[PDB]
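Structural characterization, general
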Amino acid sequence: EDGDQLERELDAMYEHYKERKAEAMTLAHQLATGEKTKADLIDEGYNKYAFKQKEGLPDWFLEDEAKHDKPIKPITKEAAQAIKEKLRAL
Amino acid sequence: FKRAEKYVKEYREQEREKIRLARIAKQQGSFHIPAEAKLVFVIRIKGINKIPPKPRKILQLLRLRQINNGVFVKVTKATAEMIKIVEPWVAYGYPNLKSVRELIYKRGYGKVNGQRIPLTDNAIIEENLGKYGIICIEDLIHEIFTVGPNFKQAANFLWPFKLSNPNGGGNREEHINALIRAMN
Amino acid sequence: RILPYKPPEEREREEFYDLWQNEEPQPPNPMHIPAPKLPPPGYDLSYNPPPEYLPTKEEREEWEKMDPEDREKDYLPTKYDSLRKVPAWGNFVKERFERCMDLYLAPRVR
Amino acid sequence: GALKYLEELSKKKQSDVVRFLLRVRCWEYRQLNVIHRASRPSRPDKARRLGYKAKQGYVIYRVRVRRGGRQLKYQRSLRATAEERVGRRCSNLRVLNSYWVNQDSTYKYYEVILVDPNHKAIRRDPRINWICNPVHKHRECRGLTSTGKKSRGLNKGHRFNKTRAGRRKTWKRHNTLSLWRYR
Amino acid sequence: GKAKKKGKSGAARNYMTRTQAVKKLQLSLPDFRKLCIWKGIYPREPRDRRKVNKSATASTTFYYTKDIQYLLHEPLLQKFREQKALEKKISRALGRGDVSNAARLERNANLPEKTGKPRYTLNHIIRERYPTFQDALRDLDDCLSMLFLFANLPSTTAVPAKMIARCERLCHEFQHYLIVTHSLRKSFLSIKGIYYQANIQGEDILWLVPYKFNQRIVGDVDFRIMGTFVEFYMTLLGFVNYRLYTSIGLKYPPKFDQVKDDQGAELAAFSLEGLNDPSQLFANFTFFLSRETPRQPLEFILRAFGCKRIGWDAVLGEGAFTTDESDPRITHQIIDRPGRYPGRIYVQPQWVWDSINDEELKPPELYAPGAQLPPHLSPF
Amino acid sequence: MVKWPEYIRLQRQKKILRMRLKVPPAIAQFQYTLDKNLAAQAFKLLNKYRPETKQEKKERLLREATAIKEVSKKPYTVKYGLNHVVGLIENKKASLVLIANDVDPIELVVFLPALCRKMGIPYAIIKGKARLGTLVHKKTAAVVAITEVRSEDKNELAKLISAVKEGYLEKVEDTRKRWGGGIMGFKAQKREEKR
RNA sequence: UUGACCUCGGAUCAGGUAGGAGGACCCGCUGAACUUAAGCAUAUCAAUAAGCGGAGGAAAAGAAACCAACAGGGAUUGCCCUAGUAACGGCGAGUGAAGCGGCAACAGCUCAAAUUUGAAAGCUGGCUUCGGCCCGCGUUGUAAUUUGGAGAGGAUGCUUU
RNA sequence: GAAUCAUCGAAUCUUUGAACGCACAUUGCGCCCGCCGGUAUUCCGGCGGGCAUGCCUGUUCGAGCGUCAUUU
């Protein structure tokens, strides 16, 4: 009826199968340097994947959509240096 | 679970049946048949799930409760009245000699001490009736075909016939022969 | 080319050649084993046998007591004065079915 | 009229209902194989205007192809690549046409209309016996489909001077040194 | 030098078990049984069941490999598949509610409930089974016995009343042939019933008919195999009767009239046209059958032995000689009861029986009613 | 543990997706199907007007041919076919519209309830393109239209029209401009809380 | 319990299909370097050579989202001319068309977009006495009509098979 | 009616090879249908018909709480 049991079985099988088997810094740089403002940020945030249901959907389908919903934005060597320095630990 | 369509349909069936029964009761029980008594075999068919008290008592007298029951009967005044009363549930008509012979031979059961034993033995037949003038199953057959004074006793002794359900095979004078080979 | 129309009543009321038209002898293959024929009816089966065949009442009671299929003969003789006294046999259809199952369920050995 | 309404949907394909349908169908296509058989098209209006017929011998095949760069760009379109893969898959059929049906962040999805040349209904139909003829073997491989013509620049005008009659043939014609008898 | 396995070779090659045979033939158990009985296959016994199959039991039955190969190469396999697809189609129609298309589907089906004839065509297999009309006459023993059983028996789901009626007509036609050709030779009656022995083309044919009573069917009996046997012997008797009437010149099938049959003519219903010791027994005799006597056996034997005129009671049947006992024409009357016209002679069915068997006119004084009957003898 | 077949797993996953996802109003009103009594009465009338099958059509053609060898009115029958029915609705020749709820290209239908609403013809959505294809003598049909019937059933046609346009139309008209879904189960609730 | 509809599969089931070869000419993909610039790197060589895929007797192209500014032309294709002009260019080396005009040949069409709706009129297979009987496809659309220098529908009166 | 004749519409056409039951460097090894001979219902040997893949149409079979119902 509610499908909870079948969803439980599907998620358990997906977990068993799993067990068996720069862009952000670029945007931060564009916001910091006087290049893109708040309105431009929301304008660019209105993408083809806007209003993507993420809470009521099964974990496996959400993982597939997260794998295949990545838009390619230009990156910069300054952003690469920044992310390398951020990831460099003690 | 049962539904309002069935409630309404059953109530209208009961109402119309009551109206028709009152119609016959008020009208004179005179059928368009000669005053001579006849022989008619009657087989009952499930027409209505619920039956009024008068047809129920008539069917009780005619012992036609279990499915696909038939029996021979005298066509007289009172019997014709009862048949006209129970008309929707019964289908009746003149039997054939071959029809009655085949019916008795293929499906024949004797009633003794409230038990239904097959008409295997003329010895059993005579231990049952014996002194009334019957001498065998063929004697019962001839009595039924040409009614005698012992017809009531013979009808009481013979168990009501249970015809096999056909797969597709009012009053009619003769087609009961086709129907009896159909259910036999 | 097209048959003119005929209604279903006509179609309903509307709805042999010799087997050995060309017959030649055929040798019987050795592999085939014909089923043995049933024995002819004996003197014992008769409804009105000579008094010698009549069994004792005690033997009749013992036969009735014995369980079915445990007897050498399925029948014991009985004497009837008239044919109308003779009753139909109970296991005629059962014997028919048993011999059919013997024909088509029991192996045949030469 | 229903095909006209479907055409309007395909025009406003970015709307809510069409976006939902393409989302669900994209999930289904990812779950299925790279190449698979459709008896009925996903966009019947587009299939009909491209030439799909409700006949024994017409099939649709749905194919997913990797998208992106090959900074050298692969001059053959993803549509042509899908048609060619369909050709190697079922070399028996003839590629009638192809149309985009869906797209993702990694794969682009096409549906190809294919015709059976050995079925006598297709042989009888005088509108398709042309592709029954042997000249149309591997049109996708020779670039004879719509994507092939678009990539070959088979259009009229001064904008297509070098390719209206064949690029290589035009090159050869312009670079032949013709010498007559009476020079 | 080649190494060769024991199991793959020998009796395992020659014989196959029932389960292996049904798995190879690819049919369900009832259809497999029907086809095996149709082709006449019997299991037989191998010399070494362990050698046939190391894993075997005495209860297990084996089958002939060549016989299974024939079963594969019978076209009734294809007819089986087509018919099964046809019940699939009629179920299609019934589920969809297409009453008319369902009617045409059952028309194509030609089901043996309305049909009364075999659902399938068995002419080729009966031809293969019986190379000779002599073999047909040899199997006529079981054929006639079993069909007369079915003429007596009532109808069930597996055996329709129409097909029982056709079996009754076939039995009546065979009886008409017997009475025409005087082929009947010996009659014995016992508690089981009446055994008839008739000589046709030098072949003795035996068949047993039970008495006219309500026969109980209590117990575990299967009508489906029994109904298949019905179809067997019905088709076989039809073909044999056609052949016999062609041999004697009388047209086939003989015409029978429905109104007289319904009133109860029985044997008298059929009309036979010749062109398209036995007789001297009762060559010139007039016989009457009383109400108690067995009408069908008595008339059958009298007509088979040439008694010209037999009459009986009106309730017994229709299409007879004068029913009135006061008629002086009746030389002999068969009465078995616990009139007294001086001209008529009162005799018994046992008198007729022994007179027919001995062919020496056994004394009616010895066989008079009201006295203890001397024991009879079995001609066999 | 045990492993399920690929297509079975995919098919169950698709039903889970349809019942989980937030549904646009068109597919939502597709989800909202009518009741058993209305379906049964409509099926009764539609069966009394089911189209002639091929056997009896050829039979009546042969009837007419033999009559020519050795007088009618316009046939009233249920009209079937997506394009035919949408044109009939556009021309306002349709009296009642029945729509299959399971057209596997769903775009074939998305606009049909709305066009019926604006045109004015009463419409309903029934379960089973299979039942549509059995009402007609086919395997499947997308839409079924009743345009005009004979005299004897004017009354029951009008009564069925009123019954549907009140008791299904208003009932699913109060709530059809929203988005469906939201059928999260216990594990879904716990997963969302943990997320 | 039963029977559909849809989807996905198996069968040494029935009927067919694809390989490879050849590749002078043809249609696409992919794609160098030597050399020249008296050195060389852009360029050139060359949208070539090698490699890959695909047909035929020809292939390809083809009936304008064209040319043009005309007093207009009028599918495509090949020759002459336009012309070493325009145009582009380490403005060096160099690269390099097209309209028009004279010719050769010349042929126009099929669809999707409509409701046959007073009648799926269409088609596949096997079974044949070869004449007509079924099964299936299909309304999520097969016949007829129609394709924008058009057409449909009525009325109308001529003329064709 | 000759020919190392011409034409050529009819046949035979060994093993391989796109190479196709598996193997291939063995005249080896397999499974289904039928036959033949030698003690032969069993044993042996041989012979004939067959058994690749992807796809299309049709036939048949199977699976799926995907899904529809079915009290008149």
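Residues numbered from 1 in each chain as written, not as in the entry; some residues may be left out. Chains lettered and ligands numbered in written order. Part of a larger assembly, values for the part shown. Heavy atoms only, no water.

Its PDB record attributes the structure to cryo-EM, giving the resolution as 3.6 Å.

Topic: the protein's contact with RNA strand H
Every one of the 35 residues lining RNA strand H counts as a neighbour, but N92(D), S9(E), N14(E), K24(E) and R131(F) are closest to it. When atoms of RNA strand H within 4 Å of the protein are split into backbone and base, the sugar-phosphate part holds 81%. Separating a phosphate oxygen of RNA strand H from a side-chain N or O atom of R12(F) is a distance of 3.2 Å. Secondary-structure elements contributing two or more residues to the surface near RNA strand H are α1 (4-26) of chain B, β2 (58-66) of chain D, α1 (11-14) and α6 (76-96) of chain E together with α1 (6-20) of chain F. Here the surface near RNA strand H takes 5 residues from α1(F), the largest share from any one element. Looking at the surface near RNA strand H residue by residue, the class counts come to 9 nonpolar, 9 polar and 17 charged. (Near = heavy atom within 4 Å. Polar contact = N/O pair within 3.5 Å; in protein donor to acceptor, adjacent residues only side chain to side chain. Helix = DSSP H or I, 4+ residues; strand = E, 2+ residues; numbered from the N terminus. Nonpolar A, V, L, I, M, F, W, Y, C, P; charged D, E, K, R; others polar.)

What about the pattern of salt bridges?
In this structure the tally under the stated criterion is 53 salt bridges over all chains. One salt bridge in this structure joins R25(D) and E107(F), with 2.6 Å as the shortest N-O distance. One end of the pair, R25(D), is in helix α2 (residues 16-31); the other, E107(F), is in helix α6 (residues 107-110), on a second chain. Across the pair, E107(F) and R25(D) agree in class, each one buried. (Salt bridge = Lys/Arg side-chain N within 4 Å of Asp/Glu carboxyl O. Buried < 20%, exposed > 50% of the residue type's maximum accessible area, 1.4 Å probe, protein only.)

Let's talk about the packing of aromatic side chains
This structure, assessed with the given rule, holds 35 aromatic pairs over all chains. Centroid distance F41(B) to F161(B): 5.7 Å. Interplanar angle 40 degrees. Geometry classified as tilted. Here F161(B) lies in strand β6 (residues 161-162) and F41(B) lies in strand β1 (residues 38-44), a separation of 120 residues in the sequence. In this structure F161(B) comes out as buried when scored by relative accessible area, which is 6%. Directly above the aromatic system of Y107(D) lies the positively charged group of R64(D), at a separation of 5.5 Å from the ring centroid. Lying across the ring of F321(E), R309(E) places its NZ or CZ 4.9 Å from the centre. (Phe/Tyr/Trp six-rings, centres within 6.5 Å; stacked < 30°, edge-to-face > 60°. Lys NZ or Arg CZ within 6 Å of the ring centre and 35° of its normal.)

Observations concerning the interface of chain C and chain E
Contacts between the two partners involve 45 residues from chain C, matched on the other side by 56 residues from chain E. Across the contact surface, chain C and chain E share 3 salt bridges. Of the charged contacts in the structure, one is a salt bridge between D18(C) and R243(E), with a shortest N-O distance of 3.0 Å. The interface formed by chain C and chain E contains 18 residue pairs in polar contact. Partitioned by chemical class, the residues of the side of chain C that touches chain E number 29 nonpolar, 8 polar and 8 charged. (Contact = heavy atoms within 4.5 Å.)

Considerations on a nonpolar patch on the surface
Residues and elements named next belong to chain A. A contiguous nonpolar patch, built from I42, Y46 and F51 and spanning about 400 Å² of accessible area, is present on the exposed surface. Topologically, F51 is positioned in the loop between α3 (38-45) and α4 (59-67). The exposure class assigned to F51 is exposed, which follows from its relative accessible area of 71%. (Patch = residues over 30% accessible without salt bridge, like charges linked within 9 Å, V, L, I, M, F, W, Y side chains within 5 Å. Areas by Shrake-Rupley, 256 points an atom, 1.4 Å probe, with all protein chains shown as cover.)

What to know about the packing of helix α1 (residues 4-20) of chain A against α4(A)
When two helices pack together, their arrangement is given by the angle between the helix axes and the distance between those axes. Residue and element names in this part refer to chain A. Viewed as axis vectors pointing N to C, α1 and α4 meet at an angle of 55 degrees, and their least axial separation amounts to 9 Å. As the angle between them shows, α1 and α4 are arranged oblique. When α1 is examined against α4, the residues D11, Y14 and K18 are found in contact with a partner set consisting of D59, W60 and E63. Of the residues belonging to the contact of α1 with α4, the class tally is 2 nonpolar, no polar and 4 charged. (Axes fitted to C-alpha atoms, helices over the stretch in contact; angles between N-to-C directions. Parallel < 35°, antiparallel > 145°, perpendicular 65-115°, else oblique.)

Section: a positive patch on the surface
A cluster of basic residues, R40(D), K84(E), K88(E), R92(E) and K139(F), forms a positive patch on the protein surface. Assessed through its relative accessible area of 60%, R92(E) is described here as exposed. (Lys, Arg positive; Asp, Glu negative; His and termini not counted. Charge placed at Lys NZ, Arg CZ, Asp CG, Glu CD.)

Comments concerning the sheet that holds strand β1 (residues 35-38) of chain D
All names here are of chain D. Strand order in the open sheet made by the 4 strands is β1-β2-β4-β3, with antiparallel pairing throughout. If you trace the sheet from one side to the other, it starts and ends with β1 and β3 (94-103), each paired once. Shown here is a sheet whose adjacent strand axes are inclined to one another by a mean of 25 degrees, direction ignored. Sheet topology note: the β1/β2 ladder contains 4 bridges and is antiparallel. Note on β2: the bridge partner recorded for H36 is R62. Contacting β1, β2, β3 and β4 (107-115), helix α4 (residues 78-89) crosses the sheet at an angle of about 50 degrees to β4. (Pairing = 2+ DSSP bridges.)

Some remarks on unusual backbone geometry
Residue and element names in this part refer to chain E. Cis peptide bonds are those with omega within 30 degrees of zero, and the linkage from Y252 to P253 qualifies with -5 degrees. Position of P253 relative to the elements: it lies in the loop between α11 (223-248) and β6 (255-256). The backbone phi angle of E266 is positive, close to 60 degrees, even though this residue is not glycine. Its place among the elements puts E266 in the loop between α12 (258-263) and β7 (270-271). Of the residues examined, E266 reaches a relative accessible area of 9% and is grouped as buried.

What to know about the sheet that holds strand β3 (residues 123-126) of chain F
Residues and elements named next belong to chain F. Judged by pairing direction, the sheet is mixed, and its 4 strands sit side by side in the order β1-β4-β2-β3 without closing on themselves. Since the sheet does not close on itself, it has two edges, and those belong to β1 (79-80) and β3, each with one partner. The pairing of β1 with strand β4 (residues 143-146) spans 2 bridges and is antiparallel. Across the sheet, residue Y80 finds its bridge partner in β4, namely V144.

A word on the pairing of β3(D)
Residue and element names in this part refer to chain D. The buried count for β3 comes to 8 of 10 residues, which makes it a mostly enclosed element. Taken together, the 8 bridges between β3 and β4 define a ladder with antiparallel strand orientation. Opposite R94, over in β4, you have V115 as the bridge partner. Taken together, β3 and the strand that follows it, β4, pair antiparallel across an intervening segment of 3 residues.

Points about the environment of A12(A)
Position of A12(A) among the secondary structure elements: in helix α1. For the pair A12(A) and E1(A), spaced 11 residues apart in sequence, the C-alpha to C-alpha distance is 19 Å.

Quick word on the protein's contact with RNA strand G
Close contacts around RNA strand G come from 85 residues, with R1(C), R92(E), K57(F), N83(F) and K139(F) the closest. Near-protein atoms of RNA strand G (within 4 Å) split between backbone and bases, with sugar and phosphate holding 75%. Within the contact set of RNA strand G, a phosphate oxygen lies 2.7 Å away from a side-chain nitrogen or oxygen of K137(D). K138(F) is positioned such that a nitrogen or oxygen atom in its side chain is 3.0 Å from a base oxygen of RNA strand G.

Some words on the interface of chain A and chain D
Of the residues lining the interface, 14 residues belong to chain A; the matching set on chain D comes to 10 residues. With both chains or domains summed, chain A and chain D bury close to 980 Å², and 39% of this area falls on carbon and sulfur atoms. The largest contributions to the chain A side of the interface with chain D come from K48(A), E65(A) and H68(A), which together make up 48% of the buried area. Residues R30(D) and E65(A) are paired through a salt bridge, measuring 2.2 Å at the closest nitrogen-oxygen approach. Joining chain A to chain D, the criterion identifies 4 residue pairs in polar contact. For the side of chain A that touches chain D, a count of residues per class yields 6 nonpolar, 2 polar and 6 charged. (Buried area = accessible area lost by both parts, 1.4 Å probe.)

Notes on the packing of helix α10 (residues 161-181) of chain E against helix α13 (residues 295-304) of chain E
Residue and element names in this part refer to chain E. Running from N to C, α10 and α13 cross one another at 35 degrees; their axes reach a closest spacing of 7 Å. With respect to the hand of their crossing, α10 and α13 are arranged in right-handed fashion. Contact residues: α10 offers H172, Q175, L178 and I179, while α13 offers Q296, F300, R303 and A304. In terms of residue class, the contact of α10 with α13 is built from 4 nonpolar, 3 polar and 1 charged. (Left-handed = near helix turned anticlockwise from the far one by under 90°.)

Let's talk about the side chain of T66(F)
Mapped onto the elements, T66(F) comes out in helix α4 (residues 54-69). If we ignore the near neighbours within four places in the chain, the residues touching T66(F) are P4(C) and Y5(C).

Section: the nonpolar core
Of all hydrophobic cores here, the largest spans 137 residues; its most connected members are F72(B), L140(E), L147(E), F174(E), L184(E), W207(E) and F287(E). Among the elements that take part in this core, α11(E) stands out by supplying 13 residues, more than any other. Beyond its immediate sequence surroundings of up to four residues, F287(E) is in contact with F282(E), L302(E), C307(E), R309(E), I310(E), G311(E), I330(E), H332(E), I334(E), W351(E) and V352(E). Within the second largest apolar cluster, 68 residues are counted, among which are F20(D), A39(F), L96(F) and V110(F). (Core = buried A, V, L, I, M, F, W, Y, C linked by side-chain atoms within 4.5 Å.)

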